[PDB]
$ cat input_11.cif   # mmCIF, C-alpha atoms
data_work
#
loop_
_atom_site.group_PDB
_atom_site.id
_atom_site.type_symbol
_atom_site.label_atom_id
_atom_site.label_comp_id
_atom_site.auth_asym_id
_atom_site.auth_seq_id
_atom_site.Cartn_x
_atom_site.Cartn_y
_atom_site.Cartn_z
ATOM 1 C CA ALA N 1 37.037 39.891 -46.493
ATOM 2 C CA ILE N 2 37.059 38.146 -43.095
ATOM 3 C CA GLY N 3 33.419 39.017 -42.396
ATOM 4 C CA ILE N 4 32.093 36.541 -44.928
ATOM 5 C CA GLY N 5 33.291 33.462 -43.063
ATOM 6 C CA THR N 6 32.298 34.831 -39.642
ATOM 7 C CA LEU N 7 28.683 34.986 -40.828
ATOM 8 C CA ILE N 8 28.700 31.475 -42.339
ATOM 9 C CA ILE N 9 30.203 29.777 -39.292
ATOM 10 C CA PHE N 10 27.641 31.514 -37.023
ATOM 11 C CA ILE N 11 24.869 29.846 -39.042
ATOM 12 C CA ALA N 12 26.454 26.476 -38.320
ATOM 13 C CA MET N 13 27.013 27.204 -34.626
ATOM 14 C CA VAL N 14 23.329 28.085 -34.095
ATOM 15 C CA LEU N 15 22.151 24.965 -35.892
ATOM 16 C CA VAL N 16 24.385 22.646 -33.863
ATOM 17 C CA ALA N 17 23.256 24.189 -30.585
ATOM 18 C CA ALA N 18 19.663 23.644 -31.713
ATOM 19 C CA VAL N 19 20.233 19.937 -32.379
ATOM 20 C CA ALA N 20 21.939 19.546 -29.018
ATOM 21 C CA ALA N 21 19.019 21.206 -27.224
ATOM 22 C CA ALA N 22 16.526 19.048 -29.084
ATOM 23 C CA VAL N 23 17.806 15.716 -27.689
ATOM 24 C CA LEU N 24 17.300 16.931 -24.123
ATOM 25 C CA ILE N 25 13.733 18.132 -24.809
ATOM 26 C CA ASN N 26 12.910 14.819 -26.547
ATOM 27 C CA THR N 27 14.511 12.701 -23.803
ATOM 28 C CA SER N 28 12.689 14.624 -21.101
ATOM 29 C CA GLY N 29 9.430 13.709 -22.876
ATOM 30 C CA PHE N 30 10.325 10.001 -22.961
ATOM 31 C CA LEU N 31 11.242 9.975 -19.302
ATOM 32 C CA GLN N 32 8.124 11.907 -18.267
ATOM 33 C CA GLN N 33 5.664 9.171 -19.150
ATOM 34 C CA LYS N 34 7.846 6.345 -17.856
ATOM 35 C CA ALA N 35 8.301 8.031 -14.490
ATOM 36 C CA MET N 36 4.670 9.012 -13.966
ATOM 37 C CA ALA N 37 3.368 5.518 -14.769
ATOM 38 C CA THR N 38 5.923 3.838 -12.506
ATOM 39 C CA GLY N 39 4.756 5.885 -9.520
ATOM 40 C CA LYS N 40 1.037 5.382 -10.113
ATOM 41 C CA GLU N 41 1.342 1.646 -10.652
ATOM 42 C CA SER N 42 3.550 1.073 -7.642
ATOM 43 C CA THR N 43 1.078 2.959 -5.453
ATOM 44 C CA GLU N 44 -1.954 0.929 -6.491
ATOM 45 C CA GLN N 45 -0.003 -2.298 -5.815
ATOM 46 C CA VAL N 46 0.733 -1.492 -2.175
ATOM 47 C CA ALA N 47 -2.686 0.016 -1.482
ATOM 48 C CA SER N 48 -4.830 -2.934 -2.578
ATOM 49 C CA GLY N 49 -5.721 -6.453 -1.466
ATOM 50 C CA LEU N 50 -8.344 -8.969 -0.301
ATOM 51 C CA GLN N 51 -9.140 -10.403 3.142
ATOM 52 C CA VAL N 52 -10.777 -13.767 3.975
ATOM 53 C CA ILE N 53 -13.670 -13.114 6.312
ATOM 54 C CA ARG N 54 -14.750 -16.713 7.048
ATOM 55 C CA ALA X 1 12.971 13.262 -3.702
ATOM 56 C CA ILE X 2 13.076 11.428 -0.352
ATOM 57 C CA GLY X 3 9.469 12.386 0.406
ATOM 58 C CA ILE X 4 8.052 9.985 -2.147
ATOM 59 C CA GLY X 5 9.201 6.847 -0.352
ATOM 60 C CA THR X 6 8.281 8.177 3.105
ATOM 61 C CA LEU X 7 4.656 8.427 1.967
ATOM 62 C CA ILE X 8 4.582 4.942 0.395
ATOM 63 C CA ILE X 9 6.092 3.161 3.391
ATOM 64 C CA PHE X 10 3.593 4.906 5.726
ATOM 65 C CA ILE X 11 0.766 3.322 3.714
ATOM 66 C CA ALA X 12 2.305 -0.084 4.360
ATOM 67 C CA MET X 13 2.918 0.570 8.060
ATOM 68 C CA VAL X 14 -0.750 1.498 8.639
ATOM 69 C CA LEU X 15 -1.983 -1.577 6.795
ATOM 70 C CA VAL X 16 0.233 -3.956 8.773
ATOM 71 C CA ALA X 17 -0.858 -2.443 12.080
ATOM 72 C CA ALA X 18 -4.464 -2.929 10.963
ATOM 73 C CA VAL X 19 -3.934 -6.636 10.257
ATOM 74 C CA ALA X 20 -2.221 -7.068 13.609
ATOM 75 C CA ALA X 21 -5.117 -5.389 15.428
ATOM 76 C CA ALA X 22 -7.630 -7.524 13.568
ATOM 77 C CA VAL X 23 -6.347 -10.861 14.952
ATOM 78 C CA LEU X 24 -6.835 -9.649 18.521
ATOM 79 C CA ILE X 25 -10.404 -8.442 17.853
ATOM 80 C CA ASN X 26 -11.240 -11.756 16.123
ATOM 81 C CA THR X 27 -9.620 -13.870 18.861
ATOM 82 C CA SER X 28 -11.427 -11.947 21.572
ATOM 83 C CA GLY X 29 -14.693 -12.877 19.819
ATOM 84 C CA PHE X 30 -13.781 -16.582 19.731
ATOM 85 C CA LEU X 31 -12.836 -16.600 23.385
ATOM 86 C CA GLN X 32 -15.958 -14.685 24.440
ATOM 87 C CA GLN X 33 -18.401 -17.443 23.580
ATOM 88 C CA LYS X 34 -16.186 -20.252 24.857
ATOM 89 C CA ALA X 35 -15.727 -18.561 28.221
ATOM 90 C CA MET X 36 -19.364 -17.608 28.762
ATOM 91 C CA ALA X 37 -20.638 -21.114 27.968
ATOM 92 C CA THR X 38 -18.064 -22.769 30.226
ATOM 93 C CA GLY X 39 -19.240 -20.725 33.211
ATOM 94 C CA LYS X 40 -22.959 -21.251 32.624
ATOM 95 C CA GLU X 41 -22.631 -24.987 32.094
ATOM 96 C CA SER X 42 -20.424 -25.538 35.108
ATOM 97 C CA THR X 43 -22.911 -23.657 37.286
ATOM 98 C CA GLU X 44 -25.932 -25.702 36.244
ATOM 99 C CA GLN X 45 -23.971 -28.918 36.939
ATOM 100 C CA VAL X 46 -23.270 -28.100 40.580
ATOM 101 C CA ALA X 47 -26.700 -26.598 41.236
ATOM 102 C CA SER X 48 -28.834 -29.554 40.127
ATOM 103 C CA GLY X 49 -29.737 -33.067 41.244
ATOM 104 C CA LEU X 50 -32.367 -35.582 42.401
ATOM 105 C CA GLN X 51 -33.195 -36.993 45.847
ATOM 106 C CA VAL X 52 -34.832 -40.356 46.686
ATOM 107 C CA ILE X 53 -37.743 -39.693 49.003
ATOM 108 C CA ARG X 54 -38.805 -43.294 49.760
#

$ encode --input "input_11.cif" --output "structure tokens"
Amino acid sequence: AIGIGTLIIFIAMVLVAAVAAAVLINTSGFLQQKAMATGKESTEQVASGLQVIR
Amino acid sequence: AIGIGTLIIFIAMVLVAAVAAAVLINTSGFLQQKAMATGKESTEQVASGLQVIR
């Protein structure tokens, strides 16, 4: 019967789509930290300094 | 987003304008004393002297 294969291949299709989704979720995590830090750090750099009074 | 840079460069622009202002305030101080003294001293010079009676 044709049904048997249709079921089995669905199982595969789901699993692959899961793996594909995962990499984007993971990568978004990696980028989150890197981005946030880069902004903070750059801001502090511009904002700060010393001045010779006399 | 474009906004991010617009903020950061504003911070710089303010700071530079501050430094530029400072030099004029400082220099005005330096000149104040030098001017005042020059006037006083010159005045005393003209105003004063001795006369031989006999």

$ closest_atom_pairs --input "input_11.cif" --of "chain X" --to "segment 24-48 of chain N" --cutoff "8 Å" --atoms "only C-alpha atoms" --output "JSON lines"
{"residue": "X:8", "atom": "CA", "partner": "N:43", "partner_atom": "CA", "distance": 7.1}
{"residue": "X:11", "atom": "CA", "partner": "N:47", "partner_atom": "CA", "distance": 7.1}
{"residue": "X:12", "atom": "CA", "partner": "N:46", "partner_atom": "CA", "distance": 6.9}

$ closest_atom_pairs --input "input_11.cif" --of "chain X" --to "chain N" --cutoff "12 Å" --atoms "only C-alpha atoms" --output "Markdown table"
| residue | atom | partner | partner_atom | distance |
| --- | --- | --- | --- | --- |
| X:4 | CA | N:39 | CA | 9.1 |
| X:5 | CA | N:39 | CA | 10.2 |
| X:7 | CA | N:43 | CA | 9.9 |
| X:8 | CA | N:43 | CA | 7.1 |
| X:9 | CA | N:46 | CA | 9.0 |
| X:10 | CA | N:46 | CA | 10.6 |
| X:11 | CA | N:47 | CA | 7.1 |
| X:12 | CA | N:46 | CA | 6.9 |
| X:13 | CA | N:46 | CA | 10.7 |
| X:14 | CA | N:47 | CA | 10.4 |
| X:15 | CA | N:47 | CA | 8.5 |
| X:16 | CA | N:46 | CA | 11.2 |
| X:18 | CA | N:51 | CA | 11.8 |
| X:19 | CA | N:51 | CA | 9.6 |
| X:22 | CA | N:51 | CA | 10.9 |
| X:23 | CA | N:53 | CA | 11.5 |
| X:26 | CA | N:53 | CA | 10.2 |

$ atom_distance --input "input_11.cif" --atom1 "atom CA of residue 21 of chain X" --atom2 "atom CA of residue 54 of chain N"
17.1 Å

$ atom_distance --input "input_11.cif" --atom1 "atom CA of residue 1 of chain X" --atom2 "atom CA of residue 17 of chain X"
26.2 Å

$ axis_aligned_box --input "input_11.cif" --around "segment 5-14 of chain X" --padding-each-side "3 Å" --output "lines of an AutoDock Vina configuration file"
center_x = 4.2
center_y = 4.2
center_z = 4.1
size_x = 16.0
size_y = 14.5
size_z = 15.0

$ decode --input "input_11.cif" --residues "segment 13-49 of chain X" --atoms "N, CA, C and O atoms" --output "mmCIF file, in the first residue's frame"
data_model
loop_
_atom_site.group_PDB
_atom_site.id
_atom_site.type_symbol
_atom_site.label_atom_id
_atom_site.label_comp_id
_atom_site.auth_asym_id
_atom_site.auth_seq_id
_atom_site.Cartn_x
_atom_site.Cartn_y
_atom_site.Cartn_z
ATOM 1 N N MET X 13 30.229 65.371 18.494
ATOM 2 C CA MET X 13 30.127 66.740 18.011
ATOM 3 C C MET X 13 30.077 67.694 19.212
ATOM 4 O O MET X 13 30.750 68.730 19.230
ATOM 5 N N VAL X 14 29.294 67.310 20.230
ATOM 6 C CA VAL X 14 29.131 68.060 21.463
ATOM 7 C C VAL X 14 30.503 68.231 22.092
ATOM 8 O O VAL X 14 30.913 69.343 22.400
ATOM 9 N N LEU X 15 31.210 67.110 22.250
ATOM 10 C CA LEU X 15 32.467 67.081 22.975
ATOM 11 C C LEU X 15 33.463 68.003 22.294
ATOM 12 O O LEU X 15 34.140 68.750 22.987
ATOM 13 N N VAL X 16 33.520 67.983 20.959
ATOM 14 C CA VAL X 16 34.488 68.792 20.241
ATOM 15 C C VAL X 16 34.165 70.261 20.472
ATOM 16 O O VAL X 16 35.071 71.060 20.717
ATOM 17 N N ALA X 17 32.879 70.604 20.389
ATOM 18 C CA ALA X 17 32.465 71.990 20.555
ATOM 19 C C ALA X 17 32.790 72.474 21.970
ATOM 20 O O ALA X 17 33.056 73.653 22.177
ATOM 21 N N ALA X 18 32.802 71.552 22.930
ATOM 22 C CA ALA X 18 33.138 71.892 24.301
ATOM 23 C C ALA X 18 34.599 72.287 24.351
ATOM 24 O O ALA X 18 34.916 73.356 24.870
ATOM 25 N N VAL X 19 35.465 71.435 23.786
ATOM 26 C CA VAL X 19 36.908 71.662 23.799
ATOM 27 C C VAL X 19 37.225 72.995 23.136
ATOM 28 O O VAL X 19 38.005 73.778 23.641
ATOM 29 N N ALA X 20 36.567 73.275 22.028
ATOM 30 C CA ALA X 20 36.787 74.508 21.302
ATOM 31 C C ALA X 20 36.410 75.710 22.163
ATOM 32 O O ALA X 20 37.087 76.724 22.153
ATOM 33 N N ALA X 21 35.295 75.625 22.871
ATOM 34 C CA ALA X 21 34.848 76.705 23.735
ATOM 35 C C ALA X 21 35.887 76.915 24.826
ATOM 36 O O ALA X 21 36.239 78.043 25.148
ATOM 37 N N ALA X 22 36.385 75.814 25.382
ATOM 38 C CA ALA X 22 37.263 75.883 26.532
ATOM 39 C C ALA X 22 38.430 76.827 26.260
ATOM 40 O O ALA X 22 38.715 77.659 27.107
ATOM 41 N N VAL X 23 39.121 76.658 25.130
ATOM 42 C CA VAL X 23 40.329 77.406 24.805
ATOM 43 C C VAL X 23 40.078 78.911 24.831
ATOM 44 O O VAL X 23 40.973 79.682 25.154
ATOM 45 N N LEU X 24 38.864 79.333 24.499
ATOM 46 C CA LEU X 24 38.559 80.752 24.459
ATOM 47 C C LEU X 24 38.388 81.254 25.886
ATOM 48 O O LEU X 24 38.880 82.324 26.218
ATOM 49 N N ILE X 25 37.733 80.455 26.739
ATOM 50 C CA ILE X 25 37.488 80.811 28.132
ATOM 51 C C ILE X 25 38.840 80.942 28.832
ATOM 52 O O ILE X 25 39.119 81.974 29.452
ATOM 53 N N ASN X 26 39.686 79.904 28.691
ATOM 54 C CA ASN X 26 41.041 79.879 29.220
ATOM 55 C C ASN X 26 41.840 81.109 28.765
ATOM 56 O O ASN X 26 42.435 81.815 29.583
ATOM 57 N N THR X 27 41.847 81.377 27.456
ATOM 58 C CA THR X 27 42.680 82.424 26.890
ATOM 59 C C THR X 27 42.197 83.772 27.391
ATOM 60 O O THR X 27 42.993 84.692 27.540
ATOM 61 N N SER X 28 40.898 83.896 27.625
ATOM 62 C CA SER X 28 40.351 85.165 28.062
ATOM 63 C C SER X 28 40.861 85.445 29.468
ATOM 64 O O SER X 28 41.201 86.584 29.783
ATOM 65 N N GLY X 29 40.956 84.388 30.286
ATOM 66 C CA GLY X 29 41.563 84.444 31.613
ATOM 67 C C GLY X 29 43.004 84.960 31.577
ATOM 68 O O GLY X 29 43.345 85.921 32.271
ATOM 69 N N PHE X 30 43.835 84.334 30.738
ATOM 70 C CA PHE X 30 45.230 84.709 30.590
ATOM 71 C C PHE X 30 45.358 86.185 30.223
ATOM 72 O O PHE X 30 46.166 86.927 30.781
ATOM 73 N N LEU X 31 44.563 86.611 29.257
ATOM 74 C CA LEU X 31 44.656 87.972 28.781
ATOM 75 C C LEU X 31 44.163 88.948 29.841
ATOM 76 O O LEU X 31 44.623 90.087 29.854
ATOM 77 N N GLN X 32 43.237 88.525 30.713
ATOM 78 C CA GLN X 32 42.607 89.457 31.632
ATOM 79 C C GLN X 32 43.697 90.092 32.486
ATOM 80 O O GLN X 32 43.849 91.322 32.522
ATOM 81 N N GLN X 33 44.471 89.222 33.145
ATOM 82 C CA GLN X 33 45.476 89.670 34.088
ATOM 83 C C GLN X 33 46.475 90.571 33.378
ATOM 84 O O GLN X 33 46.791 91.652 33.885
ATOM 85 N N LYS X 34 46.959 90.111 32.222
ATOM 86 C CA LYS X 34 48.034 90.779 31.508
ATOM 87 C C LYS X 34 47.619 92.198 31.133
ATOM 88 O O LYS X 34 48.422 93.129 31.195
ATOM 89 N N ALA X 35 46.356 92.342 30.741
ATOM 90 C CA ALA X 35 45.821 93.618 30.315
ATOM 91 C C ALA X 35 45.741 94.540 31.523
ATOM 92 O O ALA X 35 46.257 95.662 31.481
ATOM 93 N N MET X 36 45.119 94.046 32.600
ATOM 94 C CA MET X 36 44.806 94.890 33.748
ATOM 95 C C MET X 36 46.094 95.480 34.319
ATOM 96 O O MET X 36 46.189 96.682 34.555
ATOM 97 N N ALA X 37 47.099 94.618 34.496
ATOM 98 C CA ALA X 37 48.399 94.991 35.023
ATOM 99 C C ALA X 37 49.044 96.052 34.146
ATOM 100 O O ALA X 37 49.664 96.966 34.675
ATOM 101 N N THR X 38 48.935 95.908 32.827
ATOM 102 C CA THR X 38 49.658 96.769 31.905
ATOM 103 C C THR X 38 49.136 98.193 32.039
ATOM 104 O O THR X 38 49.899 99.151 31.926
ATOM 105 N N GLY X 39 47.820 98.311 32.241
ATOM 106 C CA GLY X 39 47.164 99.597 32.404
ATOM 107 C C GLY X 39 47.580 100.273 33.711
ATOM 108 O O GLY X 39 48.005 101.425 33.711
ATOM 109 N N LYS X 40 47.478 99.526 34.812
ATOM 110 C CA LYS X 40 47.791 100.041 36.128
ATOM 111 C C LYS X 40 49.207 100.596 36.115
ATOM 112 O O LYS X 40 49.432 101.749 36.474
ATOM 113 N N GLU X 41 50.146 99.746 35.701
ATOM 114 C CA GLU X 41 51.562 100.034 35.777
ATOM 115 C C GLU X 41 51.856 101.289 34.980
ATOM 116 O O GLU X 41 52.598 102.157 35.434
ATOM 117 N N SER X 42 51.330 101.344 33.764
ATOM 118 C CA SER X 42 51.612 102.453 32.879
ATOM 119 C C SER X 42 51.128 103.747 33.505
ATOM 120 O O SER X 42 51.696 104.800 33.233
ATOM 121 N N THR X 43 50.049 103.670 34.291
ATOM 122 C CA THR X 43 49.413 104.861 34.837
ATOM 123 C C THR X 43 50.312 105.435 35.921
ATOM 124 O O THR X 43 50.582 106.636 35.944
ATOM 125 N N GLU X 44 50.777 104.554 36.805
ATOM 126 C CA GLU X 44 51.611 104.932 37.930
ATOM 127 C C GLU X 44 52.881 105.607 37.432
ATOM 128 O O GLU X 44 53.347 106.551 38.056
ATOM 129 N N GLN X 45 53.451 105.096 36.337
ATOM 130 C CA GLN X 45 54.665 105.610 35.720
ATOM 131 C C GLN X 45 54.490 107.076 35.377
ATOM 132 O O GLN X 45 55.304 107.888 35.800
ATOM 133 N N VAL X 46 53.417 107.431 34.677
ATOM 134 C CA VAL X 46 53.269 108.790 34.187
ATOM 135 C C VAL X 46 53.020 109.719 35.368
ATOM 136 O O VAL X 46 53.489 110.855 35.376
ATOM 137 N N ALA X 47 52.274 109.227 36.356
ATOM 138 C CA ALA X 47 51.692 110.035 37.415
ATOM 139 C C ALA X 47 52.732 110.478 38.443
ATOM 140 O O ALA X 47 52.465 111.402 39.206
ATOM 141 N N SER X 48 53.911 109.852 38.468
ATOM 142 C CA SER X 48 54.796 109.963 39.624
ATOM 143 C C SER X 48 56.150 110.578 39.288
ATOM 144 O O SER X 48 56.632 110.453 38.159
ATOM 145 N N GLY X 49 56.755 111.246 40.273
ATOM 146 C CA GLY X 49 58.086 111.801 40.074
ATOM 147 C C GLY X 49 58.575 112.607 41.275
ATOM 148 O O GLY X 49 57.847 112.756 42.238
#
